[PDB]
Each structure stands twice: as C-alpha cells, then as structure tokens.
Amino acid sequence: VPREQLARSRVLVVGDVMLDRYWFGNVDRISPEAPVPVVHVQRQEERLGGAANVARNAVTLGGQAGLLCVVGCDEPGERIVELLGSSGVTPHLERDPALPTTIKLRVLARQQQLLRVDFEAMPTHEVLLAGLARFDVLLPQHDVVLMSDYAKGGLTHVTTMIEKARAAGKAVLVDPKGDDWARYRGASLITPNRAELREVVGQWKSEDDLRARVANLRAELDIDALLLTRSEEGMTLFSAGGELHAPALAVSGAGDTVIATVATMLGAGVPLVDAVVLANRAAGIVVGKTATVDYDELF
C-alpha cells in the first residue's frame, strides 16, 4: 500500500479516553498511622490509554485519525491534550467541568504493584448529547468510524452513532466491552477476543460449533462481520461470504493495534480480508516491543 494512498485514510475514533499513569517508589518503612507500607515515589511515567491509544496507532501507519471523546477540566485533561498534539491525532474533545478525566494510576515498588487507583465518572447527559452533535459534523469528514468502548460512559449513544454512520455508507468498527452487545447493533465489524466472546455466546466445542454460534449472533445484531482474535491461534474473520484465518508470526495494547490497522486500511480503500491480514503482521510486531507499528515495518 502506497504511503500516499493511506495518507488520505481518515479514521474517526470515538469512545472512552484515559491516561495510564505509573508511580515507581521505594518502600522501606511502615506508616505510623496504619499497618500499611509507605511508598516514597521516585519517578512517574504516563501514556495515552483507551480510545487515545487506538487513535495513536492509525497515525503511525501513515494515516490520519480523529478522537471524539470526553475529558474533564483538570490536570490529566490538559495532559491528554498535550499527549494528543504530540502524536498526530486530531483532538475533538468535549469538556465536562464536573467530570474527572479517566486515569488508571498504578503504584509500584520493587517491580511489583501495591495498589491501583482509578478516577472516573459518568459524563452528564448534556455533555453526551453535545458530543453526539459533534459526531454529526465529524462523520462526513471521515472514511471509517471506530468505536472504542471501555465502559466509562462515552459510548452511551453508540447505537445511534452506528446507524448514522451506516446510513452514510461509512464502516463502523467496534472494540467491545462487556456482555451486552445489543448496543452494537448494526455495526460493520466487531472485534472481541476468545474470553470476550464467551460471556456473550458461552463456551463451545468445535470450529463448527463456534462457527454457527457466531453466525446467529451476527444475525440477531445486524452485525455484518466478527473478527475473533485468538492469541496463539491467530485471528478468524467471520464474514457471511466466508471465513479467513491468519496465524501468528513472532503483548499489551495489541488489541488496540489490530482494530486500528483494520480501520486505517479500510479508509485507504483496501479490501477487508487484506486489511485483516495486515492486522496480523501489525499484531506480530507490537508483541515484540505499549507500541505503535510504523509504515516502514509493516511492509
């Protein structure tokens, strides 16, 4: 794929944005107030998480990406904005002064976690409808929409967003979250892993059992295709015209990398099966480094 063909590939990433933050410290003593460790923090690292990382991958492959999401009026909010600007992602953020920007803080010492700390809230109804209005404006400016769900509240109106995108002839990719997929109704492609697929469809016993177990799930959800990631076993694309398997070639943030690759490819006008094939090579690489596959490495 010419780097100028996918240069005009426009992907609109929509969903839950967050900041993955880490504190590394030393624990030498116990607190005088409680029977708990004391962590003298020596350094802090951070990277874009959630939908933000998904959008990060579309750019490094040579394409363009936009991020429709909600942040708060706080420090991590400012930080995401800065981190977005320095990664090539066009930001389309709604600000909720009452919302804390989603952040997952890990506290570590001796290369071991002691605690995880979350900051998160449900966006106000007012804010969500504002974003939905932005989606209307942003839709025509893009070739494919990517729904990155993390159950934080950003994809409350995903069903509506999907039906608007499909009505404009734009593909809708969904990175799932949870056991309720009724909201993903009408989506072009949905990309769960083996664990994620179960809780919706249950456990199975043969690729012929899994085969039909996927067929009806696609049939009752107006979902045209399902891309099942299987780690060691590779991927399987269940498209109603057939199936396509792709083995590995060699771990974190790989799910973000595969759906971003498929999205940016489709936007570049490359066929689905080819897009899925490329998503496998991109997958085989980021597991060898979070990471973002460049244009030079993929081809």
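One-based numbering along the sequence shown.
Asks: Unmodelled stretch from the deposited sequence between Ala250 and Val251, which bin: none, 1 to 3, 4 to 9, 10 or more?
Replies: Some 4 to 9 residues are missing between them.
Asks: Going by the record, give me the number of deposited-sequence residues missing between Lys289 and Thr290 as none, 1 to 3, 4 to 9, or 10 or more.
Replies: 1 to 3 residues lack coordinates between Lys289 and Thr290.
Asks: Highest mean C-alpha temperature factor of the two stretches 141 to 149 and 212 to 220, which is it?
Replies: Higher mean C-alpha B-factor in the PDB entry: 212 to 220.
Asks: Mean CA temperature factor from the deposited coordinates, higher in 45 to 53 or in 270 to 278?
Replies: It is 270 to 278 that shows the higher mean C-alpha B-factor.
Asks: Which one, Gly186, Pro100, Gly202, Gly154, has the peak C-alpha temperature factor per the PDB entry?
Replies: Of the candidates given, the C-alpha B-factor peaks at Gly202.
Asks: Consider only the C-alpha atoms of the modelled residues in this chain, order them by B-factor as the entry records it, and name the third containing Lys164: lowest, middle or highest.
Replies: Lowest third of the chain for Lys164's C-alpha B-factor.
Asks: In terms of the CA temperature factor given in the entry, to which third of its chain does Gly242 belong: lowest, middle or highest?
Replies: It falls in the top third of the chain.
Asks: Ranking the modelled residues of this chain by C-alpha B-factor as given in the entry, is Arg79 in the lowest, middle or highest third?
Replies: It belongs to the middle third of the chain when residues are ordered by C-alpha B-factor.
Asks: Relative to the other modelled residues of the same chain, rank the CA B-factor of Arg198 and answer lowest, middle or highest third.
Replies: As the PDB entry reports it, the C-alpha B-factor of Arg198 lands in the highest third of its chain.
Asks: Splitting the chain's C-alpha B-factors into thirds, which one does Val70 fall into?
Replies: Its C-alpha B-factor, which the entry lists for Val70, ranks in the lowest third among residues of this chain.
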